[PDB]
């Protein structure tokens, strides 16, 4: 309910991370695990808190996964980071699933880490794989990620 507005003050230059720094911390009530989003998508979660600043792991990090669903039909999937700043991939989507380019993915909340129903990404590509149970699904985050103005922290 309470939303704190923070500024993105750093992008972790480590090429192997998608990680940012924000200008709110312990003194502002920020906590580890806290969800972070912008006006068009979920961004990720707080992973470390300092007195007036914090570190945030983005959805696009290879170590990050978020349960999602296709907004229009409720089809469930896990969206993993690819290490690319503007790409996610969906796991566990049946090769024959009702999914297509332009479909909106929203948070499902099924991991009890993120609020349900918020935009996460749009499907970019579906690639079918003969003999494999799951389709290849690439998606683009709707958040501005390493480019957001107002980074919002949900209480």
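Residue numbers count along the first chain shown, from 1.
In this entry, 127 to 135 shows the higher mean Cα temperature factor of the pair 127 to 135 and 140 to 148. Stretches 92 to 100 and 106 to 114 differ in mean C-alpha B factor, with the higher average recorded for 92 to 100. Based on the entry's C-alpha B-factors, the most elevated value among 29, 67, 35, 119 belongs to 29.
Residue 59: CA B factor in the lowest third of modelled residues in this chain (values from the PDB entry). Sort the modelled residues of the chain by CA B factor and residue 46 lands in the lowest third.
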